[PDB]
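As provided, my_file.txt (compact mmCIF, C-alpha atoms and all ligand atoms) reads as follows.
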# COMPACT_ATOMS: atom_id res chain seq x y z
CA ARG A 57 88.81 123.93 105.99
CA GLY A 58 92.48 123.39 105.01
CA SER A 59 93.16 121.65 108.33
CA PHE A 60 91.90 118.23 109.51
CA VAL A 61 93.88 117.79 112.73
CA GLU A 62 91.62 115.07 114.16
CA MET A 63 92.35 112.80 111.15
CA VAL A 64 96.13 113.32 110.97
CA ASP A 65 98.21 110.30 111.96
CA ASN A 66 95.20 107.93 111.90
CA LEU A 67 97.02 105.21 109.93
CA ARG A 68 99.28 102.52 111.35
CA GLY A 69 100.93 99.31 110.19
CA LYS A 70 104.00 97.11 109.95
CA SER A 71 106.47 97.68 107.12
CA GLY A 72 105.45 95.75 103.99
CA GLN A 73 102.15 94.56 105.47
CA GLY A 74 99.86 97.47 104.51
CA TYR A 75 98.45 100.54 106.23
CA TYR A 76 95.33 100.24 108.39
CA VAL A 77 92.73 102.62 109.87
CA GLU A 78 90.59 102.08 112.97
CA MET A 79 86.91 101.56 112.14
CA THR A 80 83.85 100.57 114.12
CA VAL A 81 81.12 98.21 113.00
CA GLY A 82 77.78 97.56 114.71
CA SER A 83 75.83 98.92 117.66
CA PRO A 84 77.41 99.42 120.12
CA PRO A 85 80.62 100.06 118.11
CA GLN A 86 83.06 97.15 117.71
CA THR A 87 86.56 98.43 116.86
CA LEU A 88 88.58 96.67 114.13
CA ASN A 89 91.79 97.57 112.31
CA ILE A 90 91.11 97.80 108.60
CA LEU A 91 93.57 97.67 105.65
CA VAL A 92 93.24 100.79 103.50
CA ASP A 93 93.10 99.50 99.92
CA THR A 94 92.66 101.80 96.92
CA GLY A 95 93.13 98.70 94.73
CA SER A 96 89.81 97.00 95.62
CA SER A 97 86.17 97.90 96.32
CA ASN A 98 84.71 95.72 99.09
CA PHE A 99 84.46 96.41 102.79
CA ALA A 100 85.14 92.99 104.30
CA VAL A 101 85.97 92.04 107.89
CA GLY A 102 87.02 88.88 109.73
CA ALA A 103 83.78 87.56 111.24
CA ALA A 104 84.92 84.17 112.54
CA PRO A 105 87.85 82.79 114.55
CA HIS A 106 91.16 82.59 112.71
CA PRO A 107 94.70 81.71 113.88
CA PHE A 108 95.90 85.24 112.99
CA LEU A 109 92.95 87.14 114.50
CA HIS A 110 92.76 88.26 118.15
CA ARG A 111 89.24 89.54 117.51
CA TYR A 112 86.55 89.63 114.85
CA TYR A 113 83.20 91.17 113.93
CA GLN A 114 80.56 89.57 116.15
CA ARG A 115 77.33 90.03 114.14
CA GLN A 116 75.18 88.70 117.00
CA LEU A 117 76.39 91.50 119.28
CA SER A 118 75.10 94.21 116.93
CA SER A 119 71.48 95.33 117.30
CA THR A 120 71.74 97.10 113.92
CA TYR A 121 73.16 94.24 111.84
CA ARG A 122 71.04 93.03 108.87
CA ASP A 123 71.81 89.86 106.89
CA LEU A 124 71.57 90.24 103.09
CA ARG A 125 71.12 86.47 102.67
CA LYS A 126 73.77 86.34 99.94
CA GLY A 127 77.34 85.04 99.92
CA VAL A 128 80.42 86.44 98.20
CA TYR A 129 83.50 84.59 96.93
CA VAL A 130 86.69 86.54 96.21
CA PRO A 131 89.68 84.67 94.79
CA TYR A 132 92.65 86.79 93.74
CA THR A 133 96.28 86.26 92.68
CA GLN A 134 97.85 85.74 96.12
CA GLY A 135 94.86 84.43 98.09
CA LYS A 136 91.13 84.13 98.73
CA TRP A 137 88.43 85.39 101.08
CA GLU A 138 84.73 84.53 101.21
CA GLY A 139 81.76 85.33 103.40
CA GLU A 140 78.25 86.51 104.01
CA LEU A 141 76.95 89.89 102.85
CA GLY A 142 75.06 92.14 105.26
CA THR A 143 74.67 95.74 106.37
CA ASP A 144 75.47 97.53 109.63
CA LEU A 145 76.42 100.90 111.07
CA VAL A 146 80.04 101.93 110.40
CA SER A 147 82.18 104.82 111.63
CA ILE A 148 85.81 105.93 111.47
CA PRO A 149 86.72 107.13 115.02
CA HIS A 150 89.64 109.25 113.77
CA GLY A 151 87.79 110.25 110.59
CA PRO A 152 84.66 112.30 109.89
CA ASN A 153 82.15 112.68 112.71
CA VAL A 154 79.50 110.58 110.94
CA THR A 155 77.94 107.12 111.06
CA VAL A 156 76.74 105.33 107.92
CA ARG A 157 74.97 102.09 107.05
CA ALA A 158 77.32 100.24 104.74
CA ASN A 159 77.61 96.88 103.07
CA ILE A 160 79.88 94.60 105.07
CA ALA A 161 81.16 91.24 103.91
CA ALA A 162 81.54 89.05 106.98
CA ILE A 163 84.61 86.93 106.17
CA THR A 164 83.87 83.37 107.31
CA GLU A 165 86.67 81.55 105.42
CA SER A 166 89.95 82.66 103.84
CA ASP A 167 93.31 81.51 102.52
CA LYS A 168 96.53 83.58 102.59
CA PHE A 169 94.48 86.72 103.23
CA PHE A 170 95.22 87.50 106.88
CA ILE A 171 98.89 88.03 107.76
CA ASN A 172 100.47 86.89 111.02
CA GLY A 173 101.31 90.09 112.94
CA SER A 174 99.99 92.76 110.54
CA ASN A 175 97.43 93.73 113.20
CA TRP A 176 94.59 94.25 110.70
CA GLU A 177 91.34 92.26 110.74
CA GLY A 178 89.63 93.50 107.57
CA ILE A 179 89.88 95.44 104.33
CA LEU A 180 88.45 98.77 103.16
CA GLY A 181 88.24 98.78 99.37
CA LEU A 182 88.24 102.44 98.31
CA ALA A 183 88.05 101.85 94.55
CA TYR A 184 84.91 102.00 92.42
CA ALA A 185 81.80 99.79 92.17
CA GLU A 186 82.90 98.42 88.77
CA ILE A 187 85.34 96.06 90.53
CA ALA A 188 83.19 95.23 93.59
CA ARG A 189 82.28 91.58 94.29
CA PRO A 190 79.92 89.82 93.58
CA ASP A 191 79.12 92.62 91.11
CA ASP A 192 78.84 96.39 90.70
CA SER A 193 75.46 96.57 92.48
CA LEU A 194 77.19 96.08 95.84
CA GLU A 195 77.71 99.75 96.83
CA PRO A 196 81.28 100.34 98.11
CA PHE A 197 81.82 102.00 101.48
CA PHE A 198 82.95 105.43 100.23
CA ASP A 199 79.95 105.69 97.90
CA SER A 200 77.65 105.03 100.88
CA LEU A 201 79.53 107.56 103.03
CA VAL A 202 79.15 110.30 100.38
CA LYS A 203 75.48 109.52 99.63
CA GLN A 204 74.40 109.37 103.30
CA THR A 205 76.35 112.37 104.63
CA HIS A 206 77.63 115.80 103.61
CA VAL A 207 81.21 114.46 103.29
CA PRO A 208 82.80 115.81 100.07
CA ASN A 209 83.58 113.12 97.49
CA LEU A 210 87.36 113.07 98.04
CA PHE A 211 89.95 111.48 100.32
CA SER A 212 93.70 111.85 100.58
CA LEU A 213 96.50 109.60 101.77
CA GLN A 214 99.89 110.45 103.29
CA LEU A 215 101.78 107.18 103.75
CA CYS A 216 104.93 107.63 105.81
CA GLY A 217 107.58 104.91 105.48
CA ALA A 218 110.28 103.64 107.84
CA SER A 225 115.31 93.54 115.68
CA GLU A 226 112.60 91.02 116.62
CA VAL A 227 109.63 92.85 115.06
CA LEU A 228 109.03 94.66 111.76
CA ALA A 229 109.28 98.47 111.73
CA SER A 230 106.12 100.43 112.62
CA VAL A 231 104.74 102.70 109.90
CA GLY A 232 102.32 105.61 110.13
CA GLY A 233 100.28 107.92 107.97
CA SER A 234 97.09 109.88 107.47
CA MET A 235 93.85 109.27 105.64
CA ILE A 236 92.03 112.58 105.34
CA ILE A 237 88.42 111.97 104.39
CA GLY A 238 86.53 114.82 102.75
CA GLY A 239 89.40 117.20 102.20
CA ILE A 240 93.02 118.20 101.74
CA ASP A 241 95.26 119.00 104.73
CA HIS A 242 97.90 121.57 103.69
CA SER A 243 100.25 120.58 106.55
CA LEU A 244 100.79 117.18 104.89
CA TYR A 245 102.61 118.51 101.81
CA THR A 246 104.93 121.20 100.50
CA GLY A 247 105.09 122.89 97.11
CA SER A 248 102.74 122.36 94.17
CA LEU A 249 99.84 119.90 94.01
CA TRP A 250 99.67 118.38 90.50
CA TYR A 251 96.68 116.45 89.10
CA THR A 252 96.51 113.55 86.67
CA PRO A 253 93.14 112.41 85.25
CA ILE A 254 91.44 109.24 86.43
CA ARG A 255 91.20 107.52 83.05
CA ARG A 256 88.32 105.29 84.08
CA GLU A 257 86.52 104.77 87.36
CA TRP A 258 87.24 101.17 88.28
CA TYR A 259 90.70 100.97 89.75
CA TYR A 260 92.20 104.44 90.22
CA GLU A 261 93.59 104.22 86.72
CA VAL A 262 96.10 106.78 85.44
CA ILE A 263 98.36 107.26 82.40
CA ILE A 264 102.15 107.35 82.45
CA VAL A 265 103.60 109.17 79.43
CA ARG A 266 107.36 108.83 80.10
CA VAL A 267 109.77 107.06 82.44
CA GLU A 268 113.29 108.23 83.34
CA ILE A 269 116.00 106.57 85.42
CA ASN A 270 118.56 109.13 86.61
CA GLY A 271 117.33 111.57 83.95
CA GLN A 272 117.71 108.98 81.20
CA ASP A 273 114.58 108.30 79.13
CA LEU A 274 113.71 104.59 78.80
CA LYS A 275 112.52 105.50 75.27
CA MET A 276 109.74 102.93 75.01
CA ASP A 277 106.43 103.35 73.19
CA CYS A 278 104.48 104.93 76.04
CA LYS A 279 101.65 102.40 75.76
CA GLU A 280 104.18 99.92 77.20
CA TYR A 281 104.12 101.93 80.47
CA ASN A 282 100.36 101.33 80.81
CA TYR A 283 100.14 97.77 79.55
CA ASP A 284 97.56 96.69 80.43
CA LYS A 285 96.78 99.53 82.90
CA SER A 286 98.52 101.79 85.45
CA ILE A 287 96.89 102.16 88.87
CA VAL A 288 97.48 103.96 92.18
CA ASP A 289 97.28 101.25 94.85
CA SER A 290 97.73 101.70 98.63
CA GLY A 291 97.17 97.94 98.88
CA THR A 292 100.45 97.08 97.13
CA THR A 293 103.87 97.55 98.76
CA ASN A 294 106.04 97.61 95.64
CA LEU A 295 106.31 99.65 92.52
CA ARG A 296 105.25 96.97 90.04
CA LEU A 297 106.11 97.45 86.37
CA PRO A 298 105.06 95.59 83.17
CA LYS A 299 107.64 92.96 82.17
CA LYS A 300 109.35 94.98 79.39
CA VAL A 301 109.48 98.12 81.52
CA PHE A 302 110.75 96.23 84.59
CA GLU A 303 113.60 94.69 82.57
CA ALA A 304 114.67 98.07 81.14
CA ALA A 305 114.46 99.74 84.56
CA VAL A 306 116.50 97.01 86.31
CA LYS A 307 119.18 97.25 83.61
CA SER A 308 119.40 101.03 84.10
CA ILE A 309 119.50 100.83 87.94
CA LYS A 310 122.12 98.03 87.76
CA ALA A 311 124.22 100.19 85.43
CA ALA A 312 124.05 103.22 87.76
CA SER A 313 124.85 101.18 90.89
CA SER A 314 127.48 99.02 89.13
CA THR A 315 130.20 99.86 91.69
CA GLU A 316 128.42 97.21 93.79
CA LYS A 317 127.79 93.65 92.62
CA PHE A 318 124.59 92.31 94.17
CA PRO A 319 123.26 88.76 93.76
CA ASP A 320 120.42 88.05 91.32
CA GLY A 321 118.25 87.34 94.38
CA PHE A 322 118.42 91.04 95.31
CA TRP A 323 117.05 92.30 91.98
CA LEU A 324 114.30 89.68 92.29
CA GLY A 325 113.35 91.00 95.75
CA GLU A 326 114.26 87.63 97.25
CA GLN A 327 117.40 88.70 99.13
CA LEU A 328 118.52 91.58 101.33
CA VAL A 329 121.70 93.59 100.80
CA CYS A 330 123.40 95.28 103.73
CA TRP A 331 125.91 97.96 104.62
CA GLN A 332 127.42 98.78 108.01
CA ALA A 333 125.12 101.11 110.01
CA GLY A 334 124.69 104.57 108.46
CA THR A 335 127.06 103.99 105.52
CA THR A 336 124.45 103.15 102.84
CA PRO A 337 125.76 104.64 99.55
CA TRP A 338 122.45 106.23 98.50
CA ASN A 339 124.21 108.30 95.82
CA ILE A 340 125.11 105.24 93.69
CA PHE A 341 121.38 104.51 93.22
CA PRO A 342 119.49 106.59 90.61
CA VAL A 343 116.25 108.57 90.97
CA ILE A 344 113.19 107.24 89.12
CA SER A 345 110.78 109.65 87.42
CA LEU A 346 107.30 108.78 86.22
CA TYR A 347 105.68 111.43 84.03
CA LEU A 348 101.90 111.43 84.44
CA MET A 349 99.42 112.89 81.93
CA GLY A 350 98.31 116.37 83.00
CA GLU A 351 94.79 117.79 83.08
CA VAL A 352 95.75 119.79 79.98
CA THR A 353 96.26 117.81 76.79
CA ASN A 354 99.92 117.96 75.78
CA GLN A 355 101.01 118.50 79.41
CA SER A 356 102.60 116.13 81.91
CA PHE A 357 104.22 116.44 85.33
CA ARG A 358 106.78 114.14 86.89
CA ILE A 359 106.88 112.43 90.21
CA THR A 360 110.40 111.48 91.22
CA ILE A 361 111.32 108.95 93.90
CA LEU A 362 114.62 108.13 95.59
CA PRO A 363 116.33 104.85 96.55
CA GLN A 364 115.03 105.71 100.03
CA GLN A 365 111.60 104.79 98.60
CA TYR A 366 112.48 101.77 96.43
CA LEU A 367 114.98 100.16 98.82
CA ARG A 368 112.92 98.99 101.77
CA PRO A 369 114.53 98.77 105.24
CA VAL A 370 114.42 95.33 106.89
CA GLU A 371 116.07 94.82 110.29
CA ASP A 372 117.25 91.21 110.38
CA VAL A 373 118.25 89.68 113.74
CA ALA A 374 121.58 88.16 112.62
CA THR A 375 122.76 91.38 110.95
CA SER A 376 121.29 93.91 113.41
CA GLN A 377 124.59 95.84 113.34
CA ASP A 378 123.94 96.54 109.64
CA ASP A 379 121.36 98.45 107.62
CA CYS A 380 119.71 95.94 105.27
CA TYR A 381 117.43 96.56 102.29
CA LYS A 382 114.98 94.85 99.96
CA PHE A 383 114.65 95.96 96.32
CA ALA A 384 110.96 96.86 96.05
CA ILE A 385 110.49 97.27 92.30
CA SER A 386 109.00 94.08 90.86
CA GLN A 387 107.65 92.56 87.65
CA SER A 388 103.94 92.68 86.78
CA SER A 389 101.75 91.00 84.15
CA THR A 390 98.74 93.14 85.09
CA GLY A 391 100.22 96.59 84.38
CA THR A 392 101.91 99.29 86.47
CA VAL A 393 101.08 99.37 90.16
CA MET A 394 102.10 102.53 91.99
CA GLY A 395 102.17 101.04 95.48
CA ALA A 396 103.69 102.25 98.73
CA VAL A 397 107.10 102.65 97.01
CA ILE A 398 105.56 105.49 94.99
CA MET A 399 102.98 106.69 97.53
CA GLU A 400 105.45 107.09 100.43
CA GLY A 401 107.08 109.95 98.49
CA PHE A 402 103.86 111.94 98.19
CA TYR A 403 100.63 113.28 99.56
CA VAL A 404 98.13 111.67 97.23
CA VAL A 405 94.69 113.21 96.65
CA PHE A 406 91.94 110.90 95.40
CA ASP A 407 89.65 113.58 94.01
CA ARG A 408 86.71 111.46 92.97
CA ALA A 409 84.44 114.51 92.52
CA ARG A 410 86.73 115.85 89.79
CA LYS A 411 87.88 112.46 88.38
CA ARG A 412 91.55 113.17 89.11
CA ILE A 413 94.48 112.18 91.34
CA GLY A 414 96.73 114.81 92.95
CA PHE A 415 100.40 114.41 93.88
CA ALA A 416 102.53 116.72 96.04
CA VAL A 417 105.84 116.21 97.88
CA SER A 418 105.01 114.61 101.25
CA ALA A 419 105.98 116.43 104.44
CA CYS A 420 106.99 113.01 105.87
CA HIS A 421 108.97 111.40 102.99
CA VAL A 422 112.44 109.91 103.61
CA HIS A 423 115.31 111.76 101.90
CA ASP A 424 118.88 113.00 102.43
CA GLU A 425 120.66 116.38 102.25
CA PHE A 426 121.42 115.92 98.53
CA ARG A 427 118.16 114.71 96.93
CA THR A 428 114.40 114.88 97.64
CA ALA A 429 111.31 113.19 96.22
CA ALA A 430 109.85 115.75 93.78
CA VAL A 431 106.69 116.74 91.93
CA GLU A 432 107.54 118.99 88.99
CA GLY A 433 105.83 120.47 85.94
CA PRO A 434 104.51 121.33 83.53
CA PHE A 435 106.21 119.42 80.74
CA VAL A 436 104.66 120.08 77.39
CA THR A 437 104.88 117.76 74.41
CA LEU A 438 103.82 118.93 70.96
CA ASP A 439 101.37 116.41 69.45
CA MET A 440 101.37 114.03 72.44
CA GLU A 441 100.50 110.40 71.56
CA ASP A 442 97.70 108.43 73.28
CA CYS A 443 99.59 106.38 75.89
CA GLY A 444 96.51 104.47 77.07
CA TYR A 445 96.11 100.76 76.43
CA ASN A 446 92.74 99.34 75.43
CA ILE A 447 92.17 95.99 77.17
CA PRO A 448 90.79 93.45 74.65
CA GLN A 449 87.06 92.97 75.15
CA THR A 450 86.11 89.43 76.17
CA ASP A 451 82.72 87.97 75.33
CA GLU A 452 82.17 87.59 79.10
CA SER A 453 82.63 91.33 79.66
CA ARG A 454 80.71 92.31 76.51
CA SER A 455 77.64 90.22 77.41
CA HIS A 456 77.09 92.19 80.66
CA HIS A 457 74.05 94.45 80.72
CA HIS A 458 74.54 97.71 82.60
CA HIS A 459 71.08 98.86 83.68
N1 LIG B 501 95.41 96.23 96.20
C1 LIG B 501 95.43 94.96 96.63
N2 LIG B 501 94.54 94.39 97.44
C2 LIG B 501 94.82 92.97 97.57
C3 LIG B 501 96.00 92.79 96.58
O1 LIG B 501 96.27 94.08 96.02
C4 LIG B 501 95.24 92.61 99.00
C5 LIG B 501 96.48 93.08 99.49
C6 LIG B 501 96.92 92.74 100.80
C7 LIG B 501 98.16 93.24 101.24
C8 LIG B 501 99.10 92.43 101.94
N3 LIG B 501 100.29 92.91 102.36
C9 LIG B 501 100.62 94.19 102.10
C10 LIG B 501 99.76 95.07 101.40
CL1 LIG B 501 100.22 96.70 101.09
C11 LIG B 501 98.50 94.60 100.97
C12 LIG B 501 96.11 91.93 101.64
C13 LIG B 501 94.87 91.45 101.16
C14 LIG B 501 94.44 91.79 99.85
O2 LIG B 501 93.23 91.31 99.44
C15 LIG B 501 92.58 92.04 98.40
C16 LIG B 501 91.29 91.27 98.03
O3 LIG B 501 90.74 91.83 96.85
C17 LIG B 501 91.55 91.79 95.68
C18 LIG B 501 92.83 92.62 95.89
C19 LIG B 501 93.55 92.17 97.19
NI NI B 502 69.25 93.76 79.94

Mind converting the file's structure to structure tokens?
Ligand SMILES: NC1=N[C@@]2(CO1)c1cc(-c3cncc(Cl)c3)ccc1O[C@@H]1COCC[C@H]12
Ligand code: NI
Amino acid sequence: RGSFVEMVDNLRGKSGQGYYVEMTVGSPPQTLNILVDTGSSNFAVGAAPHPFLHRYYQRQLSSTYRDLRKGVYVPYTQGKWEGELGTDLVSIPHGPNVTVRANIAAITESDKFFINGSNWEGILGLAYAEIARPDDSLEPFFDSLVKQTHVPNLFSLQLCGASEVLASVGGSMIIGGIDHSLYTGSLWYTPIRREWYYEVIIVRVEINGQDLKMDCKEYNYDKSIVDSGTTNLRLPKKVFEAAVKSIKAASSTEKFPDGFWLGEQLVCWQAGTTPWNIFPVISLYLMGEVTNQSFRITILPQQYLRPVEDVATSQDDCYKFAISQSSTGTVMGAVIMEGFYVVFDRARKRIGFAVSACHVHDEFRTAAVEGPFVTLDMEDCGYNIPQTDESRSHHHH
């Protein structure tokens, strides 16, 4: 292999509203646009009329649909979806040339799930069974794909970032391999700490080469994950505050409102005059495959300042600050992923990063992937989430 031309450029979306892939469900195939989400584990599709849907999965039109006679209820921080579990035939038209029978949650009711204008009608959770709903016995889509076909247990994502409409985004999801045209330089791997989310360990953070000098467990409190289903780089409270202070200090020639640093207000410059060089690079050092090694991924303001073309100020280039506070750990969302070709090597329990052939940069700086960095007697930077009685009581047969 080494080339997967048919799968290149198979992702689309609107800026800040997620990346989606075309999928088919049912016999004959019904096409739907599906949000690619490495931060969840259910395949769920709109299956009833909704104000924001032009189309939905019509179960009655599929000769191959089977009802599982079981519902599923999925509340989360920003919304809720619920529906009926079933199985049907699924394919990815610009993916592997295979058809699999997968679990499909037919979304019958939701709140704040669908987005007006995002153009997606469902979600493809690519994470592990441990976080599937209702429970871990509901086989996720990728597991079914691997078990039913000869598709290698690996996928990779190249997310490429950007007056009346939001900017169109594009990218590639390569299923079953690595496409060498999508990256340059070295491909560096960090271990998947545990198979639930795509959990990783950050060992060090630098802002313009300056170490934040925190106990490294703070960087992974209470976890750090790689999440295509999050736009921002989200950082634990303490880390966020230290980062903002450092970025403010570096960009201090400009005095932005508090709203900007909160991601609640755009800041603008006259077209093509954005002073990129006043904003610092951000480096996250990730644990290497070798104990005592790390490598760093470095992003630019071109990644963490998101372009938004507002109607009133269409003469100007306007930006949203896309680093935000978390209480659920580090989330390496599109802000991180748009710099890199990211390999989800499930077979080898590791995540690969390389400089993306499509990342946004200037003639002075580039997003980078660099290593090795060796630390004598490296500490354990992993956080151990307190075990609840709820979690502990679960039997895992
Ligand atoms: N990983 C992740 N998945 C979440 C939340 O975090 C999500 C995200 C978005 C979404 C909306 N706008 C932009 C993007 Cl990138 C994603 C839309 C729906 C959505 O529902 C998911 C349902 O499962 C829990 C995690 C949810
Ligand atoms: Ni038991």

Taking all atoms listed in the file into account, which of A:214, A:376, A:455, A:134 comes nearest ligand NI 502 (chain B)?
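Of all the options, A:455 lies closest to ligand NI 502 (chain B).
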
Please report, as CSV, each residue of chain A lying at most 10 Å from ligand NI 502 (chain B), together with the nearest pair of atoms and the separation in Å rounded to one decimal; use all atoms listed in the file, and order rows by chain and ascending residue number.
residue,atom,partner,partner_atom,distance
A:455,CA,B:NI502,NI,9.5
A:456,CA,B:NI502,NI,8.0
A:457,CA,B:NI502,NI,4.9
A:458,CA,B:NI502,NI,7.1
A:459,CA,B:NI502,NI,6.6

Residue contacts of residue A:287 (8 Å, all atoms listed in the file) excluding same-chain residues fewer than 6 positions away, as number ranges by chain
A: 95, 259-262, 391-394

For atom CA of residue A:92 and atom CL1 of ligand LIG 501 (chain B), the interatomic separation in Å (one decimal):
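Straight-line distance from atom CA of residue A:92 to atom CL1 of ligand LIG 501 (chain B) works out to 8.4 Å.
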
Which residue of A:101, A:402, A:407, A:349 approaches residue A:434 most closely, using all atoms listed in the file
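Answer, going by the shortest atom-to-atom distance: A:349.
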
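Once only C-alpha atoms and all ligand atoms are used for the distance check, the residues close to ligand LIG 501 (chain B) at 6 Å turn out to be residues 72, 73, 74, 93, 95, 96, 132, 169, 289, 291, 292 and 293 of chain A.
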
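Among the candidates A:306, A:236, A:202, A:249, the one nearest to residue A:415 when counting only C-alpha atoms is A:249.
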
At most 9 Å is the cut-off: for each residue in stretch 348-396 of chain A with any atom that close to an atom of stretch 218-233 of chain A, write down the nearest atom pair and the distance in Å rounded to one decimal, counting all atoms listed in the file, chain first then increasing number, as CSV.
residue,atom,partner,partner_atom,distance
A:368,CA,A:218,CA,8.1
A:369,CA,A:218,CA,7.0
A:370,CA,A:228,CA,7.3
A:371,CA,A:225,CA,5.6
A:372,CA,A:225,CA,6.1
A:373,CA,A:225,CA,5.2
A:374,CA,A:225,CA,8.8
A:376,CA,A:225,CA,6.4

Please indicate the distance in Å from atom CA of residue A:310 to atom CA of residue A:421, rounded to one decimal place.
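These two atoms are separated by 24.2 Å.
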
Shell of 8 Å around stretch 331-338 of chain A, only C-alpha atoms, local chain residues under 6 positions omitted, as a PDB file with C-alpha atoms, in the frame of the given file:
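Final output, around_25.pdb:
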ATOM      1  CA  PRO A 363     116.330 104.850  96.550  1.00  0.00           C
ATOM      2  CA  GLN A 364     115.030 105.710 100.030  1.00  0.00           C
ATOM      3  CA  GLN A 377     124.590  95.840 113.340  1.00  0.00           C
ATOM      4  CA  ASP A 378     123.940  96.540 109.640  1.00  0.00           C
ATOM      5  CA  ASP A 379     121.360  98.450 107.620  1.00  0.00           C
ATOM      6  CA  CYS A 380     119.710  95.940 105.270  1.00  0.00           C
TER       7      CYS A 380
END

What lies within 10 Å of residue A:382 using only C-alpha atoms, ignoring chain neighbours under 3 positions off, as a ChimeraX atom specification?
/A:321-330,366-370,385

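Relative to atom CA of residue A:173, atom CA of residue A:113 is found at 18.2 Å.
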
Find the residues near residue A:405: any atom within 8 Å, counting all atoms listed in the file, skip ones fewer than 5 places away on the same chain, and give them as a count of residues only.
8

Who sits within 9 Å of residue A:400, all atoms listed in the file, same chain under 5 positions skipped, as a ChimeraX atom specification:
/A:214-217,361,365,395,418,420-422

Export of prior selection with C-alpha atoms as a PDB file, in the coordinates of the input:
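Once written, selection07.pdb looks like this:
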ATOM      1  CA  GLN A 214      99.890 110.450 103.290  1.00  0.00           C
ATOM      2  CA  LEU A 215     101.780 107.180 103.750  1.00  0.00           C
ATOM      3  CA  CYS A 216     104.930 107.630 105.810  1.00  0.00           C
ATOM      4  CA  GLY A 217     107.580 104.910 105.480  1.00  0.00           C
ATOM      5  CA  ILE A 361     111.320 108.950  93.900  1.00  0.00           C
ATOM      6  CA  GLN A 365     111.600 104.790  98.600  1.00  0.00           C
ATOM      7  CA  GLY A 395     102.170 101.040  95.480  1.00  0.00           C
ATOM      8  CA  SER A 418     105.010 114.610 101.250  1.00  0.00           C
ATOM      9  CA  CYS A 420     106.990 113.010 105.870  1.00  0.00           C
ATOM     10  CA  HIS A 421     108.970 111.400 102.990  1.00  0.00           C
ATOM     11  CA  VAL A 422     112.440 109.910 103.610  1.00  0.00           C
TER      12      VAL A 422
END
